[PDB]
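Inspection log for the structure reproduced underneath, given as structure tokens.
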There are 14 protein chains.
Amino acid sequence: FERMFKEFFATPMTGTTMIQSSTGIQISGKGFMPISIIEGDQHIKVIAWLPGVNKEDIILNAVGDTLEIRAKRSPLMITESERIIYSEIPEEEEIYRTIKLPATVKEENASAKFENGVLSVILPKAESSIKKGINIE
Amino acid sequence: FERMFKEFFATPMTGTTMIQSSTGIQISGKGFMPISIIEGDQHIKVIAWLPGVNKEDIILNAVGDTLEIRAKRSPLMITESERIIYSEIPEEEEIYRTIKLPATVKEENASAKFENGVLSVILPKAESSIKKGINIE
Amino acid sequence: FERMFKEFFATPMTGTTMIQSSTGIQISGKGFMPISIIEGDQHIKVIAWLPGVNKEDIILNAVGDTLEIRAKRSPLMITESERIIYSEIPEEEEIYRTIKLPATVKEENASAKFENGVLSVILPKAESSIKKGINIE
Amino acid sequence: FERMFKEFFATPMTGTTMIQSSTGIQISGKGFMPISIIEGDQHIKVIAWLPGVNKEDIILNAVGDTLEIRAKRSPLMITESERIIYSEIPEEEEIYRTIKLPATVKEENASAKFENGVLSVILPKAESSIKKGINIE
Amino acid sequence: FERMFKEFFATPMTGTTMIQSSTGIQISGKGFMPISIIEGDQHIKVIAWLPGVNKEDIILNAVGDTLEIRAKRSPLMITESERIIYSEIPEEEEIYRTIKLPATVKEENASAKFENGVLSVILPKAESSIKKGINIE
Amino acid sequence: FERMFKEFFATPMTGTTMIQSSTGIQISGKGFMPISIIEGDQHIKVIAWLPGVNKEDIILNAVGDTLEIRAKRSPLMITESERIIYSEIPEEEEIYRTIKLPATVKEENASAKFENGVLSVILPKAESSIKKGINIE
Amino acid sequence: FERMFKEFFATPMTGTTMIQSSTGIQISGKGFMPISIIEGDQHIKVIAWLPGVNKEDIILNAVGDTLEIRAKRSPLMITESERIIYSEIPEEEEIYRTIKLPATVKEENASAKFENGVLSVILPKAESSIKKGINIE
Amino acid sequence: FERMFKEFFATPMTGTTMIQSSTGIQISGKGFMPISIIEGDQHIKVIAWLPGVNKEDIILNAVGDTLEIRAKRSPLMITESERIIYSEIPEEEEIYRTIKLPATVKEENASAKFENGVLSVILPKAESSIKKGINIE
Amino acid sequence: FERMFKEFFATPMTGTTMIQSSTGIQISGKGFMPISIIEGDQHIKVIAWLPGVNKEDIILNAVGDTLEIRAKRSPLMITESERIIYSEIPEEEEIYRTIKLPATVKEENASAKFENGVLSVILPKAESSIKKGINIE
Amino acid sequence: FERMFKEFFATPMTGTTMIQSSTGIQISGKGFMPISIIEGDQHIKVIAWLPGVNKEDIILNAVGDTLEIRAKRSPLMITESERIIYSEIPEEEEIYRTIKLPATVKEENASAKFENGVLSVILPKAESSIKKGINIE
Amino acid sequence: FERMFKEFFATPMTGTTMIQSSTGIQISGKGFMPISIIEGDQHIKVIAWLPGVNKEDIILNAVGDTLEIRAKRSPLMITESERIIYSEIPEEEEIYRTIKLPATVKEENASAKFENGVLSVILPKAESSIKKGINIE
Amino acid sequence: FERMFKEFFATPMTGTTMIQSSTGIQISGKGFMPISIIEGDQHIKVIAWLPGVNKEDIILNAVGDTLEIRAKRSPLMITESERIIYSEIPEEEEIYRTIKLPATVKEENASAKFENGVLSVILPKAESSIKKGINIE
Amino acid sequence: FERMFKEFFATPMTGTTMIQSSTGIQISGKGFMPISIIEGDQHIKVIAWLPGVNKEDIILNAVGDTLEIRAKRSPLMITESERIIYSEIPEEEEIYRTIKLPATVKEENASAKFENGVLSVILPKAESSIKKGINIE
Amino acid sequence: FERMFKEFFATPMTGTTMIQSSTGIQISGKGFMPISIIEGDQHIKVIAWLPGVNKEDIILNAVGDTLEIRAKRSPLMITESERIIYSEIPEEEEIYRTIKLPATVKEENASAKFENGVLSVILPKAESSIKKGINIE
């Protein structure tokens, strides 16, 4: 019966509770917020999809190796004559993600951008987490 | 075993092929593009989530009772030093949706907006599709 | 046991009864005739695989939003000394497909070609089905 | 769940990897290429379906009791305005089949034809493989 | 257990509720009334099996692309001494079928015949539905 | 999967091989021929549905307690332009039923009628099979 | 696991114990002896496959409505140097079939032939079993 | 459900497609033709059951280590009054078997006999395949 | 239920029919005869377990790449007072194995020994099968 | 999946751990050593299969109603050039069986023989275990 | 069905996505790179299998308790005449592993070697992670 | 439960016994040795992954259409203080593969290289196996 | 679900109730007490693991062929501040095992030792149980 | 089938691989070594069962929050006359456990004892891990 739900393509609504994730990193939180972690040698780039969110409704906090993204998207306002006959868009207003990074970061030098509903965060690595090349042979 | 995939929360990547949908309306297309159809008495409002898409990469076409949304989102550019250690964001570049509306529309009077990665389309109904009140008793 | 048949790769023979198909378009008919529908802005291109068919045995009819392809392929002639020890080729002689297009077409301006067993049909769209760009914002 | 895929009639795309086949003969290769082997007393006829292939893109090699068919079909070219809304045609470009014949053949006397996307190969049997009648009683 | 019912061959009684059917055409109705749709270039022929029905108890209505067949068969009359020890004949008296044709028809020129319990309906196609030959190459 | 076939309502075609039936009587034969046996005190009435059969193509034979019904229905003739897009009508031409009656009959006094595709047979009981009332108390 | 045996094609050896059969007639016996019963109006023809049986080893007995076929086939004699590396032929020597015919026969007028390992028996029907035509209407 | 078919004893009809067999030897072909291979030191004996076949309708070909048996049995001829009420005999007319022997043979010295529907073939071994005794200790 | 038999440890009796085996080599035969093939550069060593077999009852034949082992072990003789209350020893008297070797051998130079119920066969390789070292780099 | 192992015929290797056996007698031990117990009136005969064992490596101990068989078979010695490409022979070197006999025996009068890898032990019964005839009626 | 894939021995290709591993240590990354962690008292040895990798294409980075191995192996270059008929070698070019060590290391003193496609890394433990013996009793 | 093992990614250790493989070619042997066969027109290229193997421990033998690769990799040496806390590397020391090529080769002209733990073998085809082009039409 | 418990490795706690064991010997008792029985020719050695038991809390009793081991281990004493956060050690205090030996013993000459929590018992065999060598041949 | 193993009570042998354990603490290692962690306010007590281990064969190392226990138990020595007829004692010689404690410890002040095969370790907590009382209200 679990395929039957997959055949409905209700996946964005029901199947997005990000209680946990294990890939060497820990992601927890509530709501729909797809994440991409890009690791460089000197920095970390985090990409979060926040469609329908205004820049001012984003709380972006970091310390050490943990990053917090808190956001609220206003729900779709409808006049009384109007009615939602079809919707795949999640109704959850308050969403947040807590990302445990693999590396310690300098939050004082971090930067972020919000374009087209995409948040791009630049997190410089702390020197303690900057790796060093082992010379081969 | 189908739950095991749901436990991975890979739903946005794998579970978004919108081949079909039946609610009195027909939705077909390729990629991840959540839709909300809001029906008023005089118009139709369509909400599409296009995070990571620039306004210029959107093709918005309509006629009669069918609406076409075509978009391409540039993939996440990474320097050679950088590597994607974690990602839930779909990599599909070209996405489109073909929506068969329940009502005939005046495409010549339609309007659209793109804010925070959300496309909001206003489609006035054709008079032929504007309903009329039956007086009760 | 259904995999056991898939392990035989008898798929072209048994698994080609195209009774129905739902992708916003309707395909019905009998026999093996793979289809590709390419939608442009002004026209529709249909690709049909008709290996073993002579050009003269093809009936190509269209009207409105429906296209009919009727064909007969002569079966493999064998001398009495000869015998078919192995075959994956379908024996069905008369094949046809009825395709319900998403758009109304001008059958009077349509054109077709038959090369290497491939039928390519060009179907101009009726102006009533030619979509118009909604200007974004 | 395996029937569910059969109900989609995606058989030509997914179900055509001809890794092996056992009928006294060995067929191996890659792609979609239905085969019919017709055995006569003096010769062998092989029928291969190569729709969408030009005669010049066919490599036809034989020796002893093994036949190699190598072909590439150019994929469906689409203008940027055009998009493939529906397709059952395999996209694989390079296809080949290696057929192990039951009989040794004289490749120097073999002949082939390509009409309507069908390859018909005539392979005379080597005298060593031409059978002889046992007189009954 | 579903085979066990098939082993009883009670199929004509239980298994004839024609709520729906999808082949590019829509068939709905109540009772046992096998249908055959024969499509020509200029007309449509419908065959319906109405055993036990008098010609006068048939209501045959059509318009556009929809055909209605309504009939009532009188049940088997039995004297009080008589009793039905065995029966496979459906007892349903009122039967009807609503057939959605693929083509628009000229109901004003239609004709029907009733022989041996078989209804044969001739439905000329409307010019709007008469297809036209695409010239190949 | 057996329900899936029942959902197709293909029951009249596939599910009508009347190899056997056990109700105190034996029915055997080939094809689709629904039967009703009505037992009176003095006679037996058999109802057979023979839609599409001409009176002259019916062979009706009886002796003792066994009745044979043999019939052939001409298949649906179609012009070459015409094609059967949909059919639930069985194609089997030759049909027969062998009914083992519970009672011995006087075949020399039997009578039959054929109206609206229904065969009604009157079979007087032999005196040896005419039952007699036991007086109660 | 029952298919696994069918995949061995050991069916002639294991799957031929003809303990019972119900088609309005009763077949019982031991061994491999395929049967065909052909019913005419005046006679009954029985076909039995007795490969490897000499005419003199056949016992053919009949009375009333029952036919007995008893036969013994000598097993394959092998010299001590010889060994049976492969065999699908049943080893059972003594085989018999008891056929309960639907009709009473005149055994005194019956005839039989044995050619190519096939027994063809002609059994005239007793007048008591010769059926009579009911005149229709 | 596979046992249910075995309970019908339809094994000779359905379960005789001899597509393959693996015992150190390869058997392929079509139809019902039980085989026994008897290996001697100097020769090979093949037993084939061809009931209902005339000697003249047998094609017996061999070369090297492969033997071909091709036969056609005329189907059971029935007068129009006659009808096949019961049959276990396969209706397939054209049958053949291709046997890959373990040893190379001298087809020029082979002999065959046809008695009681049994074909017995004597195939002398080629000296290259005649084995030699290893002396023990 | 298959484990239940394994729990009986009846494996030597029931589970020893060596119809086939695939490891690049072919083993066929009847009875219990464990085999070990030891491949050297110049020769092949075959080990067969023939407990209860006298040296004189062994037939050891080879040619080319095939080896035949035929043996008969006399069954356990028991006086009439004696009775077999327990036995795991197979009762099969005649056993044989046909081994298809990977290499061609010189049967004229082969040797064998029989000690403690173990047959050890030395088979020199034919020069055509003696491999040659590829020099690395 | 347990049949899949039986299809490998690995039974002699894996399926021979004789931890227990219950037939009125107790058999325990390690390794492959098929046993037959033959009970006479005055004695007990035990047959053990010890292929590949030298007479001197057998420890044969008995007392009362228990018999111990301990043996070691040297493993197959292979030169470094040689390699075991195939083997069904168990590699276990040390094997033993402890047999609990149903009867008390005189170990001082017991005798044994070792021929062709078969151990035959004669165990006279103690008078206390020699049974006596009950006279019937 | 999961065993069926294991029977193909496709394990190196499909079954090597090292998303996670839990043994007191964390291993993450992409591609095929078998790892062995050898813990000493003073150092850590890591063994990685990098067949087909040149020494210069290896990026070896470490810090604290985490080790990064990044490598790219050039894919198998084939001339156009050449074709890969069989392959078990993974095609993935870019592979990496991130190993979370149980101990903190002195990356400034680490050393590595690359021989025969094996990377051996020596990682001295930081004094903070060098354990100390508890004296027992 | 078979997925549970796949979730451990123990595939390189447990799932590498290459007893057999069927793709028109035969691969047998012991241990972990991924293979790629590249077929050209004139030669055959074999790629084998032998990480951790010294060039001198490789035995490379070929003849006709069969190739033998024998290798031993020294196991990971550990000091007594050292212990293997984690390992995915197979411990098997002696590994070999026997590859049955589709073509006969000239072993006297073959060449091999060993770089980065990869063995690349060049095997010229024998003229008898060099195929010839059939001219098309 | 039974594997789920095995995945917890709670086996020492839950899975140690030694109610019975059958190997020719009988073991019964309560608690965790692993046993090894070593049989010599003249004596029996029993090894019991009694970790956490003082020598004085052991009751060791024997007679004939039965041995009793009774022990109590004081539970882990914890101060009120202390709490058991993790434990795999069984809490059962009173444990005992009753071992039925295969041989009669001289308890008056038995000896035992207790070192490192291991009880080693030496049990001389009674002469009645000392076995005697059967001379072979 | 998993219960069947539990019914054997082989749990101490098979079911003791302590690859992982999650209770806020991490336990890894090899072999059978039951653990109890007792947490006090100021210290940590670890109990390990090491039956059959001499005090000198124990390596006890700690640092920070991780404890290593390495031990080897000599296997049960048996004279050649002696044989292990029954054993539940694990044969693994080298065992170790790595325990990740919840608290940081002062290894320089730790103490251990070994009595009756039980290791009791006292680990004072580091002041950084000594908790402090929150005053309630």
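Note on naming: chains are A, B, ... as they come in the structure tokens, residues start from 1 per chain, ligands start from 1 in the order shown.
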
As a PyMOL selection string, please: every residue in chain N that DSSP puts in strand (DSSP E or B).
chain N and resi 22+26-30+35-39+43-49+58-63+66-72+83-87+94-100+105+111-115+118-125

Alpha helix (DSSP H) positions in chain J, given as a ChimeraX atom specification
/J:2-8,11-14

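The residue that comes closest to residue 132 of chain A, out of K:50, K:59, K:102, K:77 and on the basis of only C-alpha atoms, is K:59.
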
Env of residue 22 of chain G: 10 Å cut, atoms = only C-alpha atoms, seq-sep filter 6 positions within chain, self excluded. Answer as a short mmCIF file (atom, residue, chain, number, x, y, z; two decimals) with N, CA and C atoms, in the first residue's frame.
```cif
data_model
loop_
_atom_site.label_atom_id
_atom_site.label_comp_id
_atom_site.auth_asym_id
_atom_site.auth_seq_id
_atom_site.Cartn_x
_atom_site.Cartn_y
_atom_site.Cartn_z
N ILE F 19 -17.10 -26.49 -19.36
CA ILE F 19 -16.58 -27.85 -19.35
C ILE F 19 -17.46 -28.75 -18.49
N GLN F 20 -17.92 -28.24 -17.35
CA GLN F 20 -18.70 -29.05 -16.42
C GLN F 20 -19.59 -28.15 -15.57
N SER F 21 -20.60 -28.77 -14.97
CA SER F 21 -21.45 -28.12 -13.98
C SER F 21 -22.21 -29.20 -13.22
N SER F 28 -22.23 -29.85 -20.26
CA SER F 28 -20.94 -29.76 -20.89
C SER F 28 -21.10 -29.14 -22.27
N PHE H 8 -5.61 -31.46 -13.73
CA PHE H 8 -6.37 -31.68 -14.96
C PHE H 8 -5.72 -32.70 -15.88
N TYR H 86 -14.00 -34.72 -26.43
CA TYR H 86 -12.91 -34.85 -25.49
C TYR H 86 -11.64 -35.17 -26.26
#
```

Sorted per-residue table, chain K near chain D, closest atoms and distance, 12 Å, only C-alpha atoms, as JSON lines:
```
{"residue": "K:1", "atom": "CA", "partner": "D:2", "partner_atom": "CA", "distance": 11.2}
{"residue": "K:8", "atom": "CA", "partner": "D:19", "partner_atom": "CA", "distance": 11.7}
{"residue": "K:80", "atom": "CA", "partner": "D:94", "partner_atom": "CA", "distance": 11.3}
{"residue": "K:81", "atom": "CA", "partner": "D:59", "partner_atom": "CA", "distance": 10.3}
{"residue": "K:82", "atom": "CA", "partner": "D:70", "partner_atom": "CA", "distance": 11.3}
{"residue": "K:83", "atom": "CA", "partner": "D:96", "partner_atom": "CA", "distance": 9.7}
{"residue": "K:84", "atom": "CA", "partner": "D:29", "partner_atom": "CA", "distance": 10.2}
{"residue": "K:85", "atom": "CA", "partner": "D:29", "partner_atom": "CA", "distance": 7.6}
{"residue": "K:86", "atom": "CA", "partner": "D:29", "partner_atom": "CA", "distance": 9.9}
```

Just the selected residues (N, CA and C atoms), exported as a short mmCIF file (atom, residue, chain, number, x, y, z; two decimals), in the first residue's frame, please.
```cif
data_model
loop_
_atom_site.label_atom_id
_atom_site.label_comp_id
_atom_site.auth_asym_id
_atom_site.auth_seq_id
_atom_site.Cartn_x
_atom_site.Cartn_y
_atom_site.Cartn_z
N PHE K 1 13.94 -11.66 -4.47
CA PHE K 1 14.55 -11.19 -5.71
C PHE K 1 15.93 -10.60 -5.44
N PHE K 8 24.13 -12.72 -9.64
CA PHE K 8 24.81 -12.12 -10.78
C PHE K 8 26.23 -11.68 -10.44
N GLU K 80 37.36 3.09 -31.35
CA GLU K 80 36.02 2.97 -31.89
C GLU K 80 35.73 1.56 -32.37
N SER K 81 36.75 0.87 -32.89
CA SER K 81 36.58 -0.54 -33.24
C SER K 81 36.32 -1.39 -32.02
N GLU K 82 36.84 -1.00 -30.87
CA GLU K 82 36.74 -1.78 -29.66
C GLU K 82 35.42 -1.51 -28.96
N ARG K 83 34.93 -2.53 -28.27
CA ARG K 83 33.68 -2.43 -27.54
C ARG K 83 33.75 -3.32 -26.31
N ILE K 84 33.15 -2.84 -25.22
CA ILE K 84 33.18 -3.52 -23.94
C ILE K 84 32.05 -4.54 -23.93
N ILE K 85 32.39 -5.80 -24.16
CA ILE K 85 31.39 -6.85 -24.18
C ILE K 85 31.08 -7.33 -22.78
N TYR K 86 32.03 -7.23 -21.87
CA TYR K 86 31.83 -7.66 -20.50
C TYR K 86 32.65 -6.77 -19.59
#
```

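Distances to residue 119 of chain D were evaluated for D:52, D:24, D:31, D:15 using only C-alpha atoms, and the minimum falls at D:52.
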
List the spatial neighbours of residue 118 of chain B as number ranges by chain - criterion: any atom at most 9 Å away, only C-alpha atoms, same-chain residues fewer than 5 positions off excluded.
A: 51-52, 116-117; B: 47-51, 113

Output for the residues just chosen: N, CA and C atoms as a PDB file, in the first residue's frame:
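Output file out33.pdb follows:
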```pdb
ATOM      1  N   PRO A  51      11.436  28.637  -1.079  1.00  0.00           N
ATOM      2  CA  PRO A  51      10.442  29.301  -1.914  1.00  0.00           C
ATOM      3  C   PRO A  51       9.306  29.871  -1.084  1.00  0.00           C
ATOM      4  N   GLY A  52       8.867  31.064  -1.462  1.00  0.00           N
ATOM      5  CA  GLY A  52       7.758  31.699  -0.792  1.00  0.00           C
ATOM      6  C   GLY A  52       8.113  32.380   0.497  1.00  0.00           C
ATOM      7  N   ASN A 116      15.855  34.058  -5.855  1.00  0.00           N
ATOM      8  CA  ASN A 116      14.964  33.090  -6.473  1.00  0.00           C
ATOM      9  C   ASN A 116      14.549  32.016  -5.485  1.00  0.00           C
ATOM     10  N   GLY A 117      14.428  32.396  -4.220  1.00  0.00           N
ATOM     11  CA  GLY A 117      14.029  31.460  -3.199  1.00  0.00           C
ATOM     12  C   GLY A 117      15.093  30.486  -2.782  1.00  0.00           C
TER      13      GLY A 117
ATOM     14  N   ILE B  47      -0.294  28.686  -8.610  1.00  0.00           N
ATOM     15  CA  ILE B  47       0.933  28.892  -7.860  1.00  0.00           C
ATOM     16  C   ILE B  47       1.888  27.763  -8.193  1.00  0.00           C
ATOM     17  N   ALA B  48       3.078  28.120  -8.654  1.00  0.00           N
ATOM     18  CA  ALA B  48       4.130  27.165  -8.958  1.00  0.00           C
ATOM     19  C   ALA B  48       5.399  27.548  -8.221  1.00  0.00           C
ATOM     20  N   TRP B  49       6.030  26.558  -7.608  1.00  0.00           N
ATOM     21  CA  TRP B  49       7.288  26.737  -6.895  1.00  0.00           C
ATOM     22  C   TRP B  49       8.453  26.498  -7.841  1.00  0.00           C
ATOM     23  N   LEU B  50       9.164  27.563  -8.179  1.00  0.00           N
ATOM     24  CA  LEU B  50      10.316  27.498  -9.064  1.00  0.00           C
ATOM     25  C   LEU B  50      11.560  28.030  -8.378  1.00  0.00           C
ATOM     26  N   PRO B  51      11.958  27.447  -7.260  1.00  0.00           N
ATOM     27  CA  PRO B  51      13.187  27.884  -6.608  1.00  0.00           C
ATOM     28  C   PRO B  51      14.399  27.667  -7.496  1.00  0.00           C
ATOM     29  N   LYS B 113       3.490  36.851 -11.784  1.00  0.00           N
ATOM     30  CA  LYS B 113       4.516  37.422 -10.933  1.00  0.00           C
ATOM     31  C   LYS B 113       5.459  36.338 -10.450  1.00  0.00           C
TER      32      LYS B 113
END
```

Find the spatial neighbours of residue 125 of chain K, counting only C-alpha atoms, within a cut-off of 9 Å - ignore same-chain residues fewer than 4 positions away - and output them as a PyMOL selection string.
chain K and resi 40-44+103-106+129-130

List the neighbours of residue 25 of chain M out to 8 Å using only C-alpha atoms; skip same-chain residues closer than 6 positions along the sequence, and give me the result as a ChimeraX atom specification.
/M:99-102

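Interatomic distance, atom CA of residue 39 of chain E to atom CA of residue 12 of chain C: 27.0 Å.
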
Expressed in Å, the length from atom CA of residue 136 of chain M to atom CA of residue 73 of chain I is 22.1 Å

I'd like the neighbourhood of residue 90 of chain E as a PyMOL selection string, where a residue qualifies if any of its atoms comes within 10 Å (using only C-alpha atoms), though same-chain residues fewer than 6 positions away should be ignored.
(chain E and resi 10+12-14+16+31-32+75) or (chain F and resi 34+36)

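Atom CA of residue 72 of chain D is positioned 8.5 Å from atom CA of residue 92 of chain D.
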